[PDB]
Amino acid sequence: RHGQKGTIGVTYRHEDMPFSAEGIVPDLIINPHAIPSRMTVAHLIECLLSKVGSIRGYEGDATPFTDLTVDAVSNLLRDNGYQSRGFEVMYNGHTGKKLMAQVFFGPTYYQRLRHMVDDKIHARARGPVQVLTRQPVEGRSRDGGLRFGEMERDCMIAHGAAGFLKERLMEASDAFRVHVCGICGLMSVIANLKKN
Amino acid sequence: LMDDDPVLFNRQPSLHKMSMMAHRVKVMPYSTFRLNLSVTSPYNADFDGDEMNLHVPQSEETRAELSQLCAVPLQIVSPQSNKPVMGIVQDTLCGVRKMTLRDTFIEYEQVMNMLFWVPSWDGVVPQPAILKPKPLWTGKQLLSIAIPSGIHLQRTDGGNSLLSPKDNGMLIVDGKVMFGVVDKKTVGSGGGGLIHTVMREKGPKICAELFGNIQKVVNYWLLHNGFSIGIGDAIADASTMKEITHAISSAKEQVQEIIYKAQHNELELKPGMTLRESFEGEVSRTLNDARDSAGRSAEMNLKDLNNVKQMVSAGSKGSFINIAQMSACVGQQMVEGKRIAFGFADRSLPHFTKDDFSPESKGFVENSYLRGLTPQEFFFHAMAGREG
Amino acid sequence: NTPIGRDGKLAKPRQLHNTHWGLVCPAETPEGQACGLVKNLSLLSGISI
Amino acid sequence: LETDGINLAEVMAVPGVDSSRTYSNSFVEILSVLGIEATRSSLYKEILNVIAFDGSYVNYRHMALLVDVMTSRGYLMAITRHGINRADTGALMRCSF
Amino acid sequence: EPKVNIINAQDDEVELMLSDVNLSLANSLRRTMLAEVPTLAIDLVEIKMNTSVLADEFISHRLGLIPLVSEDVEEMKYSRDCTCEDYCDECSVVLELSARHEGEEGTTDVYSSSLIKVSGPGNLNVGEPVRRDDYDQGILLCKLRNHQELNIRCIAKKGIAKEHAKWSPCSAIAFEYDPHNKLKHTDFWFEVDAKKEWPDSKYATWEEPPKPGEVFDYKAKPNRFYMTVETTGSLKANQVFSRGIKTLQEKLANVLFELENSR
Amino acid sequence: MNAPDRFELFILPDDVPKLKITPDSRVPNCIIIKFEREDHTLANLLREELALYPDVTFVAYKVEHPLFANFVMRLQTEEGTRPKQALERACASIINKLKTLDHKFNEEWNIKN
Amino acid sequence: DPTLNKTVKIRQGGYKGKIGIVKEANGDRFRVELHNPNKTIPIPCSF
Amino acid sequence: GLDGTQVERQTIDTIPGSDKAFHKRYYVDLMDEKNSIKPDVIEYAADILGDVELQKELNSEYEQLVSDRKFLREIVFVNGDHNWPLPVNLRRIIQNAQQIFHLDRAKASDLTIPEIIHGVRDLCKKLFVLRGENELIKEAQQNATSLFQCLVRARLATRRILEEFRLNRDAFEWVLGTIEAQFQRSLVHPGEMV
Amino acid sequence: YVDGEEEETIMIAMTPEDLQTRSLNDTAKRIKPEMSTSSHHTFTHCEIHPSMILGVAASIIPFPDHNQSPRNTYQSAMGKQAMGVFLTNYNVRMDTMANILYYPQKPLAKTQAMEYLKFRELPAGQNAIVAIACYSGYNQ
Amino acid sequence: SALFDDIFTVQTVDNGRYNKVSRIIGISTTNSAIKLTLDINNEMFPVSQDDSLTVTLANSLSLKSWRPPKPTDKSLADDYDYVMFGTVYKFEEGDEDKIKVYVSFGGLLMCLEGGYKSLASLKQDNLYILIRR
Amino acid sequence: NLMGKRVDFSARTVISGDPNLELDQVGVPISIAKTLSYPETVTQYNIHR
Amino acid sequence: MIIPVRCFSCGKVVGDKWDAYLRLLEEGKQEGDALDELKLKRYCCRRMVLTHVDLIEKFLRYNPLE
RNA sequence: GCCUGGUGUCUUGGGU
Ligand SMILES: [Mg+2]
Ligand SMILES: [Zn+2]
Ligand SMILES: [Zn+2]
Ligand SMILES: [Zn+2]
């Protein structure tokens, strides 16, 4: 609940996770680099407070602008047999060897947001076209194609990949054959191909 | 589509040419696109929900154009600032500082695994730095396996001698690290660093392997050392807080003196400025210097083992101001380049009396984020934040 | 909702003004084009009938 | 000395002033007083100062390339429709802007 | 040369000290008990009627998590290895459940004790949902109100925890060693004094503190591993430790077989 | 939709060998062993055991990608011993230690029964 | 072919005992839309 | 004529320092023995002192260096900045040559003085940006490489080649070939959408 | 009741404790402002509780007084996108799209204002056990 | 069979920066102006101030791919307590007799100061350092 | 429609990082890999393949 | 919705202890003590029972749709 | 017994 959002990068089965001496394994591992530049110190304090809360059996009051201090919560926690700042010794799951560093560990409220990958994944080979432009249709729900916009055009110029850019915008899209008159230059030719 | 087919990969908005580079496909289960982490920087990509686009060339001619002009290793150095745009980042960069510290030693059993983790390794285990009473390698030796031979680089930080008491600078001879902690100044994206040098001497193919080799070694080693951060790492001890509290208390007194002088016509006028501009200017300079002074005190008290300090020192995330704001003092809130305006008649909030120009009245947030902000300070902080 | 637009840049209708204290939320506002123009009533607010 | 407001021609003539080095941050006025080649250097100086200010560094040839385009016609061609589309380039190219 | 000293014991958890082995062997034993010791668990639910307020696969999902007596599971085959046509008596246990609420008032709570074994590889003691006592109703599955009915047929199969966590016989496995950090495998974080700020292991009194003068024994290795294996009741604690060792043997045996056959 | 079958971690396809030995001819007397459908569980056990033998000069393993249940081990021995034979010796030692270990647990268990 | 769209049970293999529907029956290798996970599998006719 | 990806900040060593420090670094006096080249770094040390004909080259060398320093300090880089983006980094090329040929050693060098002066001067005519014999092209070709030639001459000065870098015959000919090859490779490629 | 116009003419104490002068040096807790520009203040009103300046969405955040201000804005947006149990009658409504979390839990760290938003009765999330650690590099 | 040999008195032991490394400075008991600065691992070889240390420098331990030492063979290191292997990265041909030799033992640094007649043989590619007692 | 347009043979999804991929690789989901295609010309050297 | 069968984090069965927990609260025991009596010692198991919200009692009130 | 078409224009709310 602190603007610290992420996607799952991999899953690990129970026995490969790091574990504390009590055999508790985390459900979820977030990255330490998310904290110092974002300065969501409240996220850490919530973890600390919730640890205390689950040991003694109540929901801590985390209302803003109260007398609750970090030291008061830390005092309670140490009196229950845990290191007072929330750390715990943990063991690497692959080898059983201790980690040289201790790991901040505890409950945190996490929320499941509406953006799931199988609602976004999309691919198109060939497919339906617009009646008017004979270009691929717009949108996931219509088997559409991605937009090659003006800014992507410029990048291929910078690379000097002139051949690639031609193919993308013709053979891989709405290529059409027309006949012109060599004298007047208009597309006024009437071409019956079976009568030649 | 099959392994090693080239495809064009792209993230919008395409602000510059390295928004579109050619990658080699590797088919994998699960529904996300996978990127090696060192390419997140040129795309300005991260993994908080971003999506990216893939385009498949449809002929023999364009496959060759992709691999020989647009391919990732050719793009390591950008013409924008004649320097690399990709380096070692985040976990691997944080970890590589820790690993190349002077007192990191690794026993034999772990060393064998680490050597085998390097794809380009020639099969020759190097001799340990300590032979007796127990074979021990230093971190610098194993990192040096990932650097190809024939690479020379010298850099001097703060006039250090060849005996390097602070363990700073960098010296590399024949692809072997003689001394120096490896941090953002060497393996980051800066000009003249390690990545730039390998590119000139060995070409793009070898230089692309450099990223893969370094990453595979460090992430393994970091997996078995571990690294964390907790609430403890924001907390300065009781002695330092009194220093911190004094420097803020004395700064509030100087601001009182400035108000006294300006209201008794004893204030020097700055050139080009009215009295009220000069008054506002002097108060702002005092308060920003107060926070930096308080931040400097908090920083120096932190031990080397403190986890916040390790990330700031590596350059992987965070900077001096972040230590300052978490632990010492959030400091002055600004809106439109000026202090908080009197949006009520002659006052900033209805909890103050009129014509109050003191620090607390016009948006100085004295508390740290650790300590917690008061209700008045909170709103002012939300005003500055909204403007951003 | 404030019906000013998307035409007209600047900042004045978008800023969190001091007199919003206790009447509209200082935190809750959308990202993007509506940012600062769509606001939300604080918890104890009321509207005169 | 530094001034608010400009009058480059009149200030140059004032005895005491080093008339060979006086500079103005309005390159429109520079063009009228010193000519097109001096505008090139002044244009470059003012762009570089903007980019370099937040510590960034862009290699010389890119800013040099932009100011040569802006001065090739002998007058300052602005990067707006009133400048760009006054060129003898084809109609299909010009109408796409 | 490996030695074991059981500190405490009861039906569903064994606390023990393991000694004169390598760290890797203690860890591989930990992993094997969690992941590869076979058990029995529901793996197919045929819903003929479900008019409760819970969704069909929601109820089915809870069924998969019910621990079943798996004592004789070693003589049972995997479904994927059986020579038969569809299922039969040698590769599955069939369970049935039927509940209903008559009356216009009150709530009928459907409990795991209503799971009735219907067939199974007789006379092997497998397939009954585990119970603490005899008057223990067990695990809550659903709740029913007037006219709501639940009538399901469940197929239980042999499986391992690698495929899905419902087949795991353990819960947590507590595990620690070297309570006074003589090996120096960790470097303690501290504010003021490391010893006062870190709590003591619950096995601190089982080993002697380092003497204040004592030099660092750079040849010492980890040698005593205290662990506690808790189970869910699907297997008794002594069986899990025994079958963990047994399973790990066949895996190494299978590797040994392949080398002497590849020549 | 793209999740692989979880049973593929331990069930061997018919055209895929459980074990594959190839030489590393760049140095003398070195083999690469590719283990299919196995984990750290097996690999770490073999690795430490092997490292305490006097005639093993190099042993290492890596799990190249956690989404694929395989690993590859590299084993080099001195001129006298053949690596593949040494691997058999490491296997039989551990089977023996676990047999002993299982026995001593059974005895201690009845006393507490 | 007379067995498209008719309900089927699998009697051998890892999917033994599962219900499905014949989605496509080109030749020898069928496409059963399994009921149990949201996946359609390729499967031989002996099964 | 260069591609932006191929340049790096390099110091042009004839710009900073006093005239005295400059003279100490670059001047060779075949008359005054204590201001000549040290005898332990060359084999032919005997046939050196007094030779007025060899002194005519070294005077022309130092006169060339004086022109460059005067041109660069008064016209090109008035504020004294001497670190600038330039093509092909000579410092790295030299220290690689020191590694390939094991250029440690006090073993006096067999590399004669006329080979150095004529070698470097002939190099500066092969740094082709534009080819063709037209009179205007040669002036343009010379103008394009003016700054880079000064950079080379400031490094491959007689005292530095012999006392500091200690190149032999094999290594020095290699250094010239590498500079020549890498400068060509650093030209922008026609067709580039700059 | 006071509106914005009348609020201009009153003097508000932030908490009841500020109505009376006091008699600390706890280096962990936050510094209260000195308020030494006016010698004696004449308060006319007092806030009921200062946490009521927040709205519905921001009231779900535990400890918003310890966050950098954009994070509270970002959570206020994301909170409206989190699956929970939007009503208890979902089986009889036929909505275009609906999501119901299997096992909602009430949060271990709550605020007083959540009692009236019914958040503990219709929660929208779960308490995960979280380690903050660099593990395999698959979480950079 | 060795290149250099002497006995040193430890004047300073700087801990400060690290928990497992200390910098020591020493001067030869028999010949002043021969100074040794050396980083060493505290936990493996604890040193105190004023300790006497025999320091030998060899280019070989014999009386490329490292192997665990067999208990049957024998080398120069059997008679010493602390052995390190390193790279010579600077050979200073200094003023009258000020010679410094900088060696890097995997980032553990050494400076050896002394005279030409004592150190001329040390112009090597690699060096062992052996420390006794 | 002319300076930019929608195109065939494209795909899009959420991205994740992987340290155990080479710098110039991209991991592509199987389902996407079966929808996209490349028209390879048949020659004497690949006809059996 | 209804009490989970297993603790998410460690796997210990907790779905048979929900009825016992509500009864202990009628007798006036405090939440921490009630969990203690049920032998739920690790805090992963404690969160499961302490923070579950029983919504199924509300859904049953909606008079059956057959 | 091969081919095989399902909309648009807006507005609003969201994602980076
Ligand atoms: Mg993003
Ligand atoms: Zn015509
Ligand atoms: Zn059967
Ligand atoms: Zn639990």
# chains A, B, ... in the order shown; residues from 1 in each chain; ligands from 1
>>> residues_near_ligand(ligand="ligand 1", cutoff="6 Å", atoms="only C-alpha atoms (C1' of nucleotides) and all ligand atoms", output="PyMOL selection string")
(chain B and resi 46+48-50) or (chain M and resi 16)
>>> write_last_selection(atoms="N, CA, C and O atoms (P, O5', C5', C4', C3', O3' and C1' of nucleotides)", output="PDB file, in the first residue's frame")
ATOM      1  N   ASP B  46      11.674  -0.561 -17.190  1.00  0.00           N
ATOM      2  CA  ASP B  46      11.756  -1.322 -15.961  1.00  0.00           C
ATOM      3  C   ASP B  46      10.607  -2.313 -15.975  1.00  0.00           C
ATOM      4  O   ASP B  46       9.928  -2.478 -16.990  1.00  0.00           O
ATOM      5  N   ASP B  48       7.827  -2.692 -13.921  1.00  0.00           N
ATOM      6  CA  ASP B  48       6.690  -2.356 -13.091  1.00  0.00           C
ATOM      7  C   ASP B  48       5.379  -2.368 -13.857  1.00  0.00           C
ATOM      8  O   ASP B  48       4.417  -1.727 -13.430  1.00  0.00           O
ATOM      9  N   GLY B  49       5.318  -3.084 -14.974  1.00  0.00           N
ATOM     10  CA  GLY B  49       4.147  -3.059 -15.826  1.00  0.00           C
ATOM     11  C   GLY B  49       4.370  -2.654 -17.263  1.00  0.00           C
ATOM     12  O   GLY B  49       3.423  -2.779 -18.051  1.00  0.00           O
ATOM     13  N   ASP B  50       5.526  -2.070 -17.602  1.00  0.00           N
ATOM     14  CA  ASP B  50       5.947  -1.770 -18.973  1.00  0.00           C
ATOM     15  C   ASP B  50       5.645  -2.885 -19.956  1.00  0.00           C
ATOM     16  O   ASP B  50       5.757  -4.064 -19.628  1.00  0.00           O
TER      17      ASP B  50
ATOM     18  P     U M  16       1.303   2.591 -14.324  1.00  0.00           P
ATOM     19  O5'   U M  16       2.285   2.715 -15.560  1.00  0.00           O
ATOM     20  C5'   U M  16       3.213   1.693 -15.857  1.00  0.00           C
ATOM     21  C4'   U M  16       4.121   2.112 -16.977  1.00  0.00           C
ATOM     22  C3'   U M  16       4.890   3.404 -16.782  1.00  0.00           C
ATOM     23  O3'   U M  16       6.055   3.237 -15.990  1.00  0.00           O
ATOM     24  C1'   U M  16       3.889   3.397 -18.925  1.00  0.00           C
TER      25        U M  16
END
>>> residues_around(residues="segment 23-30 of chain L", least_positions_apart="5", cutoff="9 Å", atoms="only C-alpha atoms (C1' of nucleotides)", output="MDAnalysis selection string")
(chainID A and resid 57) or (chainID L and resid 18 35)
>>> write_last_selection(atoms="C-alpha atoms", output="compact mmCIF listing (two decimals), in the first residue's frame")
# COMPACT_ATOMS: atom_id res chain seq x y z
CA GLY A 57 -2.18 -11.07 18.68
CA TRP L 18 -11.54 -22.08 13.29
CA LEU L 35 -3.71 -18.75 19.43
>>> closest_residue(among="H:188, H:121, H:135, H:3", to="chain B", atoms="only C-alpha atoms")
H:3
>>> interface_residues(of="chain B", to="chain A", cutoff="9 Å", atoms="only C-alpha atoms", output="PyMOL selection string")
chain B and resi 10+12-20+31-32+47-49+51+53+57-59+61-63+65-66+69-70+90-91+223-232+234+308+311-312+316-319+322-323+325-326+369-375
>>> write_last_selection(atoms="C-alpha atoms", output="compact mmCIF listing (two decimals), in the first residue's frame")
# COMPACT_ATOMS: atom_id res chain seq x y z
CA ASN B 10 11.18 -1.72 -29.29
CA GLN B 12 7.59 3.39 -26.81
CA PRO B 13 8.25 6.35 -26.67
CA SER B 14 11.15 5.92 -29.15
CA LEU B 15 13.17 8.94 -28.05
CA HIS B 16 16.51 7.95 -29.63
CA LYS B 17 17.98 5.23 -31.82
CA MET B 18 18.70 2.74 -29.05
CA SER B 19 14.96 2.41 -28.50
CA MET B 20 15.10 -0.12 -31.37
CA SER B 31 4.22 -15.33 -21.18
CA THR B 32 6.58 -12.41 -20.53
CA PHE B 47 9.50 -4.14 -14.87
CA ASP B 48 6.69 -2.36 -13.09
CA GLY B 49 4.15 -3.06 -15.83
CA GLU B 51 5.20 -3.45 -22.26
CA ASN B 53 6.97 -4.55 -28.97
CA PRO B 57 11.71 -9.28 -40.39
CA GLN B 58 10.17 -11.16 -43.29
CA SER B 59 13.00 -11.73 -45.76
CA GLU B 61 17.72 -9.12 -46.92
CA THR B 62 16.38 -7.59 -43.73
CA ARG B 63 17.67 -10.34 -41.43
CA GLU B 65 20.45 -5.67 -42.11
CA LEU B 66 19.34 -6.31 -38.53
CA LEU B 69 23.67 -2.75 -38.34
CA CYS B 70 21.15 -2.76 -35.50
CA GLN B 90 21.27 -2.56 -9.66
CA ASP B 91 21.94 -5.90 -7.83
CA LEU B 223 23.35 -15.16 -3.70
CA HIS B 224 25.59 -16.81 -1.11
CA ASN B 225 26.62 -13.66 0.73
CA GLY B 226 23.16 -12.11 0.87
CA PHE B 227 22.15 -8.48 1.22
CA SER B 228 19.20 -6.74 2.84
CA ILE B 229 17.91 -3.46 4.25
CA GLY B 230 15.75 -2.79 7.29
CA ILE B 231 14.34 -0.06 9.52
CA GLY B 232 17.52 -0.19 11.61
CA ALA B 234 17.69 4.60 8.87
CA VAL B 308 21.98 2.18 3.14
CA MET B 311 24.07 1.28 -1.91
CA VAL B 312 24.94 4.99 -1.84
CA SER B 316 23.50 1.63 -7.64
CA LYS B 317 20.54 3.62 -6.24
CA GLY B 318 20.26 6.61 -3.98
CA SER B 319 22.52 9.55 -3.22
CA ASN B 322 18.45 10.39 0.45
CA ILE B 323 20.44 9.54 3.58
CA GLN B 325 16.07 13.03 4.24
CA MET B 326 15.45 9.60 5.75
CA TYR B 369 10.62 10.67 7.38
CA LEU B 370 11.74 8.24 10.10
CA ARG B 371 10.58 10.55 12.91
CA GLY B 372 7.33 11.32 11.10
CA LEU B 373 5.95 14.59 9.88
CA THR B 374 3.64 16.84 11.82
CA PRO B 375 0.23 17.73 10.31
>>> interface_residues(of="chain F", to="chain I", cutoff="12 Å", atoms="only C-alpha atoms", output="MDAnalysis selection string")
chainID F and resid 63 65:67
>>> write_last_selection(atoms="N, CA, C and O atoms", output="compact mmCIF listing (two decimals), in the first residue's frame")
# COMPACT_ATOMS: atom_id res chain seq x y z
N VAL F 63 23.19 -24.91 -12.16
CA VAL F 63 21.84 -25.02 -12.69
C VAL F 63 21.66 -23.82 -13.61
O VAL F 63 21.54 -22.69 -13.14
N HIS F 65 19.35 -22.69 -15.69
CA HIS F 65 18.16 -21.85 -15.64
C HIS F 65 17.11 -22.54 -14.78
O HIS F 65 16.76 -23.69 -15.07
N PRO F 66 16.60 -21.91 -13.71
CA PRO F 66 15.64 -22.59 -12.83
C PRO F 66 14.35 -23.02 -13.49
O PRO F 66 13.64 -23.87 -12.94
N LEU F 67 14.01 -22.49 -14.67
CA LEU F 67 12.77 -22.89 -15.32
C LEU F 67 12.91 -24.23 -16.02
O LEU F 67 11.92 -24.77 -16.51
>>> residues_around(residues="segment 87-90 of chain H", least_positions_apart="4", cutoff="8 Å", atoms="only C-alpha atoms (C1' of nucleotides)", output="number ranges by chain")
H: 2, 6-8, 10, 94, 148, 152, 155, 179, 182-183, 186
